[PDB]
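K.L.:
One file is attached below, upload01.txt, containing compact mmCIF, C-alpha atoms and all ligand atoms.
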```
# COMPACT_ATOMS: atom_id res chain seq x y z
CA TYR A 28 0.00 0.00 0.00
CA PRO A 29 1.43 3.47 -1.08
CA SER A 30 2.80 6.16 1.29
CA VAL A 31 0.35 8.82 -0.08
CA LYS A 32 -3.40 8.09 -0.51
CA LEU A 33 -4.38 8.90 -4.15
CA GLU A 34 -7.79 9.45 -5.73
CA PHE A 35 -9.04 9.37 -9.39
CA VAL A 36 -10.02 12.98 -10.22
CA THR A 37 -10.31 15.40 -13.13
CA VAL A 38 -8.31 18.67 -13.01
CA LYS A 39 -8.79 21.80 -15.17
CA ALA A 40 -6.25 24.50 -15.98
CA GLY A 41 -6.94 28.13 -16.77
CA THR A 42 -5.17 30.52 -19.12
CA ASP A 43 -1.70 30.16 -17.50
CA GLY A 44 -1.79 26.30 -17.15
CA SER A 45 -2.11 26.35 -13.35
CA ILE A 46 -4.76 24.01 -11.86
CA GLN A 47 -7.92 25.97 -11.03
CA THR A 48 -10.45 23.15 -10.68
CA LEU A 49 -10.52 19.63 -9.24
CA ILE A 50 -13.53 17.39 -9.89
CA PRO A 51 -13.76 14.42 -7.53
CA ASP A 52 -15.45 11.27 -8.83
CA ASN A 53 -17.76 11.20 -5.73
CA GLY A 54 -18.62 14.96 -5.57
CA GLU A 55 -19.19 18.29 -7.30
CA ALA A 56 -16.43 20.44 -8.93
CA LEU A 57 -14.26 22.44 -6.56
CA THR A 58 -12.24 25.61 -7.09
CA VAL A 59 -8.53 24.87 -6.26
CA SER A 60 -7.65 27.43 -3.52
CA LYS A 61 -4.03 26.18 -3.40
CA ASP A 62 -1.94 23.88 -5.62
CA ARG A 63 1.03 22.98 -3.42
CA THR A 64 2.55 20.91 -6.31
CA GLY A 65 3.00 24.01 -8.53
CA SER A 66 1.88 21.85 -11.51
CA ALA A 67 1.18 23.23 -14.96
CA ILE A 68 -0.85 21.50 -17.68
CA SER A 69 -1.77 22.87 -21.19
CA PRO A 70 -3.76 26.15 -20.89
CA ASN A 71 -7.54 25.70 -20.65
CA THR A 72 -7.49 21.85 -20.72
CA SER A 73 -8.80 19.01 -18.51
CA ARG A 74 -6.85 15.94 -17.48
CA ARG A 75 -7.90 12.68 -15.79
CA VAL A 76 -5.18 12.27 -13.05
CA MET A 77 -4.27 10.72 -9.62
CA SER A 78 -4.19 13.21 -6.73
CA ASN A 79 -3.68 13.66 -3.04
CA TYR A 80 -5.86 16.62 -2.09
CA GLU A 81 -8.08 17.79 0.72
CA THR A 82 -11.40 19.65 0.83
CA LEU A 83 -11.60 22.69 3.20
CA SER A 84 -15.00 24.08 4.13
CA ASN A 85 -16.22 27.34 5.71
CA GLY A 86 -19.50 25.54 6.37
CA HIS A 87 -21.15 26.87 3.17
CA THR A 88 -18.59 26.51 0.39
CA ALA A 89 -15.48 24.31 0.14
CA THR A 90 -12.23 24.56 -1.87
CA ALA A 91 -9.58 22.02 -2.79
CA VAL A 92 -5.89 22.07 -1.69
CA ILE A 93 -3.72 19.80 -3.92
CA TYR A 94 -0.77 18.05 -2.25
CA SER A 95 0.21 15.68 -5.13
CA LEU A 96 -0.63 15.07 -8.79
CA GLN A 97 0.39 12.33 -11.15
CA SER A 98 -0.72 10.98 -14.48
CA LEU A 99 -2.77 7.85 -15.11
CA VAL A 100 -3.18 5.75 -18.29
CA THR A 101 -6.36 6.47 -20.34
CA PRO A 102 -6.29 3.60 -22.89
CA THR A 103 -8.92 3.81 -25.62
CA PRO A 104 -10.31 0.27 -26.30
CA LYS A 105 -9.09 -0.82 -29.75
CA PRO A 106 -9.60 -4.10 -31.76
CA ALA A 107 -6.73 -6.66 -32.00
CA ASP A 108 -6.30 -5.60 -35.72
CA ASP A 109 -5.66 -1.91 -34.76
CA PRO A 110 -2.23 -0.49 -35.86
CA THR A 111 -1.20 -0.01 -32.14
CA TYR A 112 -1.16 -3.86 -31.79
CA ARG A 113 0.84 -4.42 -35.04
CA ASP A 114 3.88 -5.87 -33.13
CA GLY A 115 1.60 -8.36 -31.29
CA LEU A 116 -0.51 -8.55 -28.13
CA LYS A 117 1.49 -8.39 -24.86
CA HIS A 118 0.02 -9.72 -21.62
CA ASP A 119 2.70 -9.44 -18.91
CA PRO A 120 1.02 -10.36 -15.54
CA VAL A 121 -0.60 -7.89 -13.16
CA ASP A 122 -2.89 -8.11 -10.11
CA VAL A 123 -6.14 -6.16 -9.92
CA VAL A 124 -6.26 -4.33 -6.51
CA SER A 125 -9.59 -2.51 -7.13
CA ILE A 126 -11.81 -2.12 -10.26
CA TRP A 127 -15.05 -0.12 -10.70
CA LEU A 128 -17.21 1.92 -13.03
CA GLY A 129 -17.15 5.66 -12.39
CA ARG A 130 -17.64 9.04 -14.12
CA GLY A 131 -17.67 7.64 -17.68
CA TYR A 132 -14.65 5.35 -17.14
CA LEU A 133 -13.75 1.77 -16.14
CA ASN A 134 -11.24 2.58 -13.30
CA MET A 135 -8.69 0.18 -11.92
CA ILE A 136 -5.73 0.00 -9.59
CA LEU A 137 -3.20 -2.61 -10.66
CA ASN A 138 -0.28 -4.12 -8.80
CA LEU A 139 2.88 -4.71 -10.84
CA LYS A 140 6.27 -6.16 -10.10
CA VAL A 141 8.79 -3.76 -11.71
CA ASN A 142 12.47 -2.75 -11.58
CA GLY A 143 13.34 0.33 -13.68
CA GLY A 144 14.41 1.92 -16.95
CA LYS A 145 11.65 0.16 -18.96
CA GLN A 146 8.29 1.67 -19.89
CA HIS A 147 5.23 -0.37 -18.94
CA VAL A 148 2.77 0.04 -21.81
CA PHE A 149 -0.95 -0.54 -21.12
CA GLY A 150 -3.89 -0.88 -23.53
CA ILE A 151 -7.33 -2.45 -23.89
CA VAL A 152 -7.93 -5.07 -26.60
CA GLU A 153 -11.60 -4.67 -27.64
CA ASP A 154 -13.89 -7.44 -28.94
CA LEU A 155 -17.37 -6.35 -30.03
CA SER A 156 -18.49 -9.77 -31.43
CA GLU A 157 -21.38 -9.93 -28.87
CA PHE A 158 -22.15 -6.14 -28.81
CA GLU A 159 -25.07 -6.33 -31.33
CA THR A 160 -26.21 -9.68 -29.77
CA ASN A 161 -26.47 -8.63 -26.05
CA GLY A 162 -24.56 -5.33 -25.57
CA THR A 163 -21.44 -7.11 -24.23
CA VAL A 164 -18.07 -5.30 -24.61
CA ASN A 165 -15.16 -7.74 -24.19
CA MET A 166 -11.96 -6.12 -22.88
CA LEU A 167 -8.55 -7.74 -22.53
CA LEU A 168 -5.74 -5.93 -20.76
CA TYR A 169 -2.66 -5.31 -22.89
CA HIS A 170 0.51 -4.99 -20.80
CA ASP A 171 4.03 -4.76 -22.23
CA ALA A 172 6.68 -4.70 -19.42
CA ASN A 173 9.43 -4.38 -22.13
CA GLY A 174 11.54 -7.01 -20.34
CA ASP A 175 11.48 -5.16 -16.99
CA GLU A 176 12.43 -7.50 -14.08
CA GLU A 177 9.73 -8.44 -11.53
CA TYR A 178 11.46 -7.11 -8.39
CA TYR A 179 9.36 -4.40 -6.61
CA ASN A 180 5.64 -3.84 -6.16
CA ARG A 181 4.27 -0.74 -7.85
CA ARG A 182 0.72 0.39 -8.48
CA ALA A 183 -0.56 1.46 -11.88
CA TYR A 184 -3.72 3.45 -12.47
CA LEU A 185 -5.99 3.06 -15.52
CA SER A 186 -9.19 4.95 -16.48
CA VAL A 187 -10.68 3.31 -19.57
CA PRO A 188 -12.98 5.87 -21.41
CA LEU A 189 -16.46 4.43 -22.18
CA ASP A 190 -17.88 7.38 -24.23
CA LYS A 191 -17.56 5.36 -27.52
CA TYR A 192 -20.32 2.96 -26.29
CA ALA A 193 -22.93 5.72 -25.71
CA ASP A 194 -25.51 5.96 -28.53
CA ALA A 195 -27.53 9.23 -28.61
CA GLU A 196 -30.05 7.69 -31.11
CA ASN A 197 -30.34 4.55 -28.84
CA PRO A 198 -30.92 5.80 -25.23
CA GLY A 199 -31.36 3.56 -22.16
CA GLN A 200 -29.08 0.89 -23.74
CA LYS A 201 -27.59 -1.49 -21.08
CA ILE A 202 -23.90 -2.30 -21.83
CA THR A 203 -22.00 -5.15 -20.09
CA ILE A 204 -18.22 -4.76 -19.84
CA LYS A 205 -16.42 -8.11 -19.40
CA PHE A 206 -12.77 -7.45 -18.46
CA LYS A 207 -10.02 -10.11 -18.77
CA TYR A 208 -6.32 -9.85 -17.80
CA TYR A 209 -3.28 -12.11 -17.42
CA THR A 210 -2.11 -12.78 -13.85
CA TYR A 211 -0.04 -15.42 -12.01
CA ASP A 212 -1.77 -18.45 -10.46
CA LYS A 213 -0.83 -20.05 -7.06
CA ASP A 214 2.08 -21.89 -8.85
CA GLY A 215 3.51 -18.79 -10.68
CA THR A 216 2.05 -19.61 -14.10
CA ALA A 217 0.64 -16.74 -16.18
CA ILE A 218 -3.09 -17.37 -16.82
CA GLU A 219 -5.95 -15.34 -18.39
CA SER A 220 -8.36 -14.40 -15.54
CA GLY A 221 -12.09 -14.14 -16.26
CA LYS A 222 -12.76 -13.12 -12.61
CA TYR A 223 -14.40 -9.78 -13.69
CA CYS A 224 -16.48 -11.40 -16.56
CA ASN A 225 -19.06 -13.07 -14.29
CA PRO A 226 -21.50 -11.31 -14.44
CA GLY A 227 -19.42 -8.36 -15.77
CA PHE A 228 -19.86 -4.59 -15.21
CA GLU A 229 -23.38 -3.44 -16.21
CA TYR A 230 -24.06 0.22 -16.91
CA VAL A 231 -26.39 2.54 -18.89
CA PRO A 232 -24.34 5.35 -20.59
CA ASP A 233 -26.78 8.24 -19.80
CL CL B 1 -6.11 12.91 -19.58
CL CL B 2 -12.13 27.79 5.66
CL CL B 3 -11.03 -6.85 -5.89
CL CL B 4 0.16 4.63 -13.73
```
Give the structure from the file, written as structure tokens.
Ligand SMILES: [Cl-]
Ligand SMILES: [Cl-]
Ligand SMILES: [Cl-]
Ligand SMILES: [Cl-]

P.N.:
Amino acid sequence: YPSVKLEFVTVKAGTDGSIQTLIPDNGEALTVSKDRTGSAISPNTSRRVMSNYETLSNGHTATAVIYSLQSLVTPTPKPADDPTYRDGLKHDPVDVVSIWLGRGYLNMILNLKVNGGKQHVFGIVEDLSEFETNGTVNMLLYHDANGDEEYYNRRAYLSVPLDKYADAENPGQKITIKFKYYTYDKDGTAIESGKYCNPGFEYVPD
């Protein structure tokens, strides 16, 4: 478990790139009264990030004080035939710590065994073969450790966007996300886990 408690949030920058707004997943948008990180994103943009922050209230209105900010991976689900997967599908093992639907994303905290100097590349391999049949979206985690040794535990944060499944001309549509990922079994063998496929994550994009 990490030293600093981190939450999935959205941050917005104003004209100078400084963070002016923090939008918790659980609450309403808050004006950032103080950004102790001194972070700067692209002027007038929003980013889905990890943050340590606190809410301060005067009993009527509250503001956010940011203590830490870090990026998270926002992989767009893509079919196995997409050019990003040209060099083959990679499924280096991970553990799922926590996984849930929230604020238009499929959020997850992963546990990895890393070392250093190698970029861990994440993606979502999309299969829509059952989407017209029963609204099922099949997702397989892509993970390329790039030969990084499995020495130290490290968390990874993913927020899979689900906006592409919303149909404005088909409202009230119930979508079922069935997420698969490779992990180690009790004996240290890498296996494809269907743990989060039964019954899957049901949601109505509205
Ligand atoms: Cl982002
Ligand atoms: Cl106050
Ligand atoms: Cl769990
Ligand atoms: Cl990450």

K.L.:
Could you report the residues within 9 Å of ligand CL 2 (chain B), using all atoms listed in the file, as an MDAnalysis selection string?

P.N.:
chainID A and resid 83:86 88:90

K.L.:
Measuring between all atoms listed in the file, which one of A:96, A:172, A:76, A:231 shows the shortest distance to ligand CL 1 (chain B)?

P.N.:
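Using all atoms listed in the file, the shortest distance to ligand CL 1 (chain B) belongs to A:76.
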
K.L.:
Would you mind reading off the distance between atom CA of residue A:225 and atom CA of residue A:111, one decimal, in Å?

P.N.:
28.4 Å

K.L.:
Ligand CL 3 (chain B): which residues are within 10 Å, counting only C-alpha atoms and all ligand atoms, as number ranges by chain?

P.N.:
A: 122-127, 135-136, 222-223

K.L.:
Could you save the residues just selected, with C-alpha atoms, as a compact mmCIF listing (two decimals), in the coordinates of the input?

P.N.:
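What follows is the written file selection-v1.txt:
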```txt
# COMPACT_ATOMS: atom_id res chain seq x y z
CA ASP A 122 -2.89 -8.11 -10.11
CA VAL A 123 -6.14 -6.16 -9.92
CA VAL A 124 -6.26 -4.33 -6.51
CA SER A 125 -9.59 -2.51 -7.13
CA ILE A 126 -11.81 -2.12 -10.26
CA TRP A 127 -15.05 -0.12 -10.70
CA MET A 135 -8.69 0.18 -11.92
CA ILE A 136 -5.73 0.00 -9.59
CA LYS A 222 -12.76 -13.12 -12.61
CA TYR A 223 -14.40 -9.78 -13.69
```

K.L.:
Please provide as a CSV table (one decimal) with C-alpha atoms, in the coordinates of the input all residues within 12 Å of residue A:192, with the sequence filter that same-chain residues fewer than 6 positions apart are discarded (counting all atoms listed in the file).

P.N.:
```csv
chain,number,residue,atom,x,y,z
A,103,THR,CA,-8.9,3.8,-25.6
A,104,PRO,CA,-10.3,0.3,-26.3
A,131,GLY,CA,-17.7,7.6,-17.7
A,132,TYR,CA,-14.6,5.4,-17.1
A,153,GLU,CA,-11.6,-4.7,-27.6
A,155,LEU,CA,-17.4,-6.4,-30.0
A,158,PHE,CA,-22.2,-6.1,-28.8
A,159,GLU,CA,-25.1,-6.3,-31.3
A,162,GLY,CA,-24.6,-5.3,-25.6
A,163,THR,CA,-21.4,-7.1,-24.2
A,164,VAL,CA,-18.1,-5.3,-24.6
A,198,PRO,CA,-30.9,5.8,-25.2
A,199,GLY,CA,-31.4,3.6,-22.2
A,200,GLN,CA,-29.1,0.9,-23.7
A,201,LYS,CA,-27.6,-1.5,-21.1
A,202,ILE,CA,-23.9,-2.3,-21.8
A,203,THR,CA,-22.0,-5.2,-20.1
A,204,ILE,CA,-18.2,-4.8,-19.8
A,230,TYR,CA,-24.1,0.2,-16.9
A,231,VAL,CA,-26.4,2.5,-18.9
A,232,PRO,CA,-24.3,5.4,-20.6
A,233,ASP,CA,-26.8,8.2,-19.8
```

K.L.:
Which residues of chain A come within 7 Å of ligand CL 1 (chain B), and what is each one's closest atom pair and distance in Å (one decimal), counting only C-alpha atoms and all ligand atoms, sorted by chain and residue number, as a tab-separated table?

P.N.:
```
residue	atom	partner	partner_atom	distance
A:73	CA	B:CL1	CL	6.8
A:74	CA	B:CL1	CL	3.8
A:75	CA	B:CL1	CL	4.2
A:76	CA	B:CL1	CL	6.6
A:101	CA	B:CL1	CL	6.5
```

K.L.:
Counting only C-alpha atoms, what is within 10 Å of residue A:140, bar same-chain residues fewer than 2 positions away, as a PyMOL selection string?

P.N.:
chain A and resi 120-122+138+142+172+175-182

K.L.:
Which residue is closest to ligand CL 4 (chain B)? Choose from A:97, A:37, A:78, A:45 and count only C-alpha atoms and all ligand atoms.

P.N.:
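Of all the options, A:97 lies closest to ligand CL 4 (chain B).
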
K.L.:
So the first atom is atom CA of residue A:113 and the second is atom CA of residue A:144; what is the distance between them in Å, to one decimal place?

P.N.:
23.5 Å

K.L.:
Using Å and a single decimal, report how far atom CA of residue A:171 sits from atom CA of residue A:188.

P.N.:
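According to the coordinates, atom CA of residue A:188 and atom CA of residue A:171 are separated by 20.1 Å.
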
K.L.:
So which residues are near ligand CL 4 (chain B), meaning at most 6 Å away with only C-alpha atoms and all ligand atoms counted, given back as a ChimeraX atom specification?

P.N.:
/A:99-100,183-184

K.L.:
Within 8 Å of residue A:105, counting only C-alpha atoms, which residues qualify if same-chain residues fewer than 4 places away don't, as a list in words?

P.N.:
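With the cut-off at 8 Å, the set is residues 109, 151, 152 and 153 of chain A.
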
K.L.:
With all atoms listed in the file as the basis for distance, which of A:81, A:154, A:108, A:55 is at the shortest distance from residue A:34?

P.N.:
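The answer is A:81, which sits nearest to residue A:34.
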
K.L.:
Residues within 8 Å of stretch 65-69 of chain A, please, as a list in words. Count all atoms listed in the file; anything in the same chain fewer than 2 positions from it doesn't count.

P.N.:
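Listing them by chain and then by number gives residues 40, 43, 44, 45, 46, 62, 63, 71, 72 and 96 of chain A.
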
K.L.:
Given the choices A:50, A:193, A:107, A:224, which gets closest to residue A:82 if the distance is worked out from all atoms listed in the file?

P.N.:
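For residue A:82, the nearest of the candidates is A:50.
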
K.L.:
Skip residue A:58 itself and residues of its chain fewer than 4 positions away, then list as a compact mmCIF listing (two decimals) with C-alpha atoms, in the frame of the given file all residues within 7 Å of it, counting all atoms listed in the file.

P.N.:
```
# COMPACT_ATOMS: atom_id res chain seq x y z
CA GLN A 47 -7.92 25.97 -11.03
CA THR A 48 -10.45 23.15 -10.68
CA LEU A 49 -10.52 19.63 -9.24
CA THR A 90 -12.23 24.56 -1.87
CA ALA A 91 -9.58 22.02 -2.79
```

K.L.:
Name the closest residue to residue A:190 among the candidates A:174, A:133, A:39, A:147; distances are taken between atoms, counting only C-alpha atoms.

P.N.:
A:133

K.L.:
Would you mind putting back N, CA, C and O atoms on stretch 103-126 of chain A, then writing it out as a PDB file, in the coordinates of the input?

P.N.:
```
ATOM      1  N   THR A 103      -7.688   3.901 -24.851  1.00  0.00           N
ATOM      2  CA  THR A 103      -8.920   3.810 -25.620  1.00  0.00           C
ATOM      3  C   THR A 103      -9.034   2.351 -26.101  1.00  0.00           C
ATOM      4  O   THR A 103      -8.073   1.851 -26.710  1.00  0.00           O
ATOM      5  N   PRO A 104     -10.164   1.648 -25.807  1.00  0.00           N
ATOM      6  CA  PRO A 104     -10.310   0.270 -26.300  1.00  0.00           C
ATOM      7  C   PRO A 104     -10.202   0.214 -27.831  1.00  0.00           C
ATOM      8  O   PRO A 104     -10.845   1.000 -28.535  1.00  0.00           O
ATOM      9  N   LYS A 105      -9.342  -0.676 -28.330  1.00  0.00           N
ATOM     10  CA  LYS A 105      -9.090  -0.820 -29.750  1.00  0.00           C
ATOM     11  C   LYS A 105      -9.094  -2.308 -30.144  1.00  0.00           C
ATOM     12  O   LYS A 105      -8.638  -3.133 -29.348  1.00  0.00           O
ATOM     13  N   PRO A 106      -9.599  -2.673 -31.361  1.00  0.00           N
ATOM     14  CA  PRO A 106      -9.600  -4.100 -31.760  1.00  0.00           C
ATOM     15  C   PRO A 106      -8.189  -4.645 -31.943  1.00  0.00           C
ATOM     16  O   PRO A 106      -7.267  -3.866 -32.152  1.00  0.00           O
ATOM     17  N   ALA A 107      -8.025  -5.979 -31.864  1.00  0.00           N
ATOM     18  CA  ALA A 107      -6.730  -6.660 -32.000  1.00  0.00           C
ATOM     19  C   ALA A 107      -6.005  -6.326 -33.330  1.00  0.00           C
ATOM     20  O   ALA A 107      -4.777  -6.401 -33.391  1.00  0.00           O
ATOM     21  N   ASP A 108      -6.778  -5.949 -34.375  1.00  0.00           N
ATOM     22  CA  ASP A 108      -6.300  -5.600 -35.720  1.00  0.00           C
ATOM     23  C   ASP A 108      -5.909  -4.114 -35.833  1.00  0.00           C
ATOM     24  O   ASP A 108      -5.505  -3.689 -36.915  1.00  0.00           O
ATOM     25  N   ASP A 109      -6.018  -3.329 -34.741  1.00  0.00           N
ATOM     26  CA  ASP A 109      -5.660  -1.910 -34.760  1.00  0.00           C
ATOM     27  C   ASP A 109      -4.154  -1.732 -34.931  1.00  0.00           C
ATOM     28  O   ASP A 109      -3.404  -2.530 -34.372  1.00  0.00           O
ATOM     29  N   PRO A 110      -3.685  -0.684 -35.664  1.00  0.00           N
ATOM     30  CA  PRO A 110      -2.230  -0.490 -35.860  1.00  0.00           C
ATOM     31  C   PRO A 110      -1.386  -0.427 -34.569  1.00  0.00           C
ATOM     32  O   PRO A 110      -0.186  -0.718 -34.657  1.00  0.00           O
ATOM     33  N   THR A 111      -1.966  -0.056 -33.397  1.00  0.00           N
ATOM     34  CA  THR A 111      -1.200  -0.010 -32.140  1.00  0.00           C
ATOM     35  C   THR A 111      -0.718  -1.417 -31.730  1.00  0.00           C
ATOM     36  O   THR A 111       0.304  -1.539 -31.048  1.00  0.00           O
ATOM     37  N   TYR A 112      -1.455  -2.470 -32.153  1.00  0.00           N
ATOM     38  CA  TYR A 112      -1.160  -3.860 -31.790  1.00  0.00           C
ATOM     39  C   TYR A 112      -0.433  -4.613 -32.907  1.00  0.00           C
ATOM     40  O   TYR A 112      -0.351  -5.842 -32.858  1.00  0.00           O
ATOM     41  N   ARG A 113       0.131  -3.875 -33.876  1.00  0.00           N
ATOM     42  CA  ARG A 113       0.840  -4.420 -35.040  1.00  0.00           C
ATOM     43  C   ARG A 113       1.974  -5.392 -34.657  1.00  0.00           C
ATOM     44  O   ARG A 113       2.120  -6.445 -35.305  1.00  0.00           O
ATOM     45  N   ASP A 114       2.750  -5.055 -33.586  1.00  0.00           N
ATOM     46  CA  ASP A 114       3.880  -5.870 -33.130  1.00  0.00           C
ATOM     47  C   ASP A 114       3.458  -7.028 -32.194  1.00  0.00           C
ATOM     48  O   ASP A 114       4.323  -7.709 -31.637  1.00  0.00           O
ATOM     49  N   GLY A 115       2.152  -7.282 -32.102  1.00  0.00           N
ATOM     50  CA  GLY A 115       1.600  -8.360 -31.290  1.00  0.00           C
ATOM     51  C   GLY A 115       1.045  -7.958 -29.939  1.00  0.00           C
ATOM     52  O   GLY A 115       1.433  -6.938 -29.364  1.00  0.00           O
ATOM     53  N   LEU A 116       0.111  -8.774 -29.434  1.00  0.00           N
ATOM     54  CA  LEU A 116      -0.510  -8.550 -28.130  1.00  0.00           C
ATOM     55  C   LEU A 116       0.430  -9.007 -27.032  1.00  0.00           C
ATOM     56  O   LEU A 116       1.009 -10.101 -27.125  1.00  0.00           O
ATOM     57  N   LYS A 117       0.616  -8.144 -26.017  1.00  0.00           N
ATOM     58  CA  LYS A 117       1.490  -8.390 -24.860  1.00  0.00           C
ATOM     59  C   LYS A 117       0.628  -8.462 -23.643  1.00  0.00           C
ATOM     60  O   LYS A 117      -0.241  -7.607 -23.462  1.00  0.00           O
ATOM     61  N   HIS A 118       0.834  -9.494 -22.817  1.00  0.00           N
ATOM     62  CA  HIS A 118       0.020  -9.720 -21.620  1.00  0.00           C
ATOM     63  C   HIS A 118       0.865 -10.074 -20.404  1.00  0.00           C
ATOM     64  O   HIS A 118       0.620 -11.088 -19.755  1.00  0.00           O
ATOM     65  N   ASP A 119       1.855  -9.243 -20.092  1.00  0.00           N
ATOM     66  CA  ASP A 119       2.700  -9.440 -18.910  1.00  0.00           C
ATOM     67  C   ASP A 119       1.806  -9.351 -17.639  1.00  0.00           C
ATOM     68  O   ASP A 119       0.873  -8.548 -17.614  1.00  0.00           O
ATOM     69  N   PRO A 120       1.979 -10.279 -16.661  1.00  0.00           N
ATOM     70  CA  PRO A 120       1.020 -10.360 -15.540  1.00  0.00           C
ATOM     71  C   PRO A 120       0.957  -9.146 -14.653  1.00  0.00           C
ATOM     72  O   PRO A 120       1.935  -8.423 -14.472  1.00  0.00           O
ATOM     73  N   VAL A 121      -0.244  -8.934 -14.108  1.00  0.00           N
ATOM     74  CA  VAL A 121      -0.600  -7.890 -13.160  1.00  0.00           C
ATOM     75  C   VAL A 121      -1.604  -8.495 -12.175  1.00  0.00           C
ATOM     76  O   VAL A 121      -2.204  -9.543 -12.460  1.00  0.00           O
ATOM     77  N   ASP A 122      -1.819  -7.808 -11.043  1.00  0.00           N
ATOM     78  CA  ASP A 122      -2.890  -8.110 -10.110  1.00  0.00           C
ATOM     79  C   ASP A 122      -3.865  -6.947 -10.150  1.00  0.00           C
ATOM     80  O   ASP A 122      -3.447  -5.800 -10.330  1.00  0.00           O
ATOM     81  N   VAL A 123      -5.155  -7.225 -10.020  1.00  0.00           N
ATOM     82  CA  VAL A 123      -6.140  -6.160  -9.920  1.00  0.00           C
ATOM     83  C   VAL A 123      -6.358  -5.919  -8.415  1.00  0.00           C
ATOM     84  O   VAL A 123      -6.728  -6.851  -7.704  1.00  0.00           O
ATOM     85  N   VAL A 124      -6.060  -4.705  -7.924  1.00  0.00           N
ATOM     86  CA  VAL A 124      -6.260  -4.330  -6.510  1.00  0.00           C
ATOM     87  C   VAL A 124      -7.726  -3.925  -6.298  1.00  0.00           C
ATOM     88  O   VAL A 124      -8.343  -4.351  -5.346  1.00  0.00           O
ATOM     89  N   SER A 125      -8.249  -3.051  -7.169  1.00  0.00           N
ATOM     90  CA  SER A 125      -9.590  -2.510  -7.130  1.00  0.00           C
ATOM     91  C   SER A 125     -10.015  -2.153  -8.557  1.00  0.00           C
ATOM     92  O   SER A 125      -9.168  -1.786  -9.353  1.00  0.00           O
ATOM     93  N   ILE A 126     -11.276  -2.374  -8.913  1.00  0.00           N
ATOM     94  CA  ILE A 126     -11.810  -2.120 -10.260  1.00  0.00           C
ATOM     95  C   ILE A 126     -13.281  -1.683 -10.117  1.00  0.00           C
ATOM     96  O   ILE A 126     -14.015  -2.251  -9.300  1.00  0.00           O
TER      97      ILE A 126
END
```
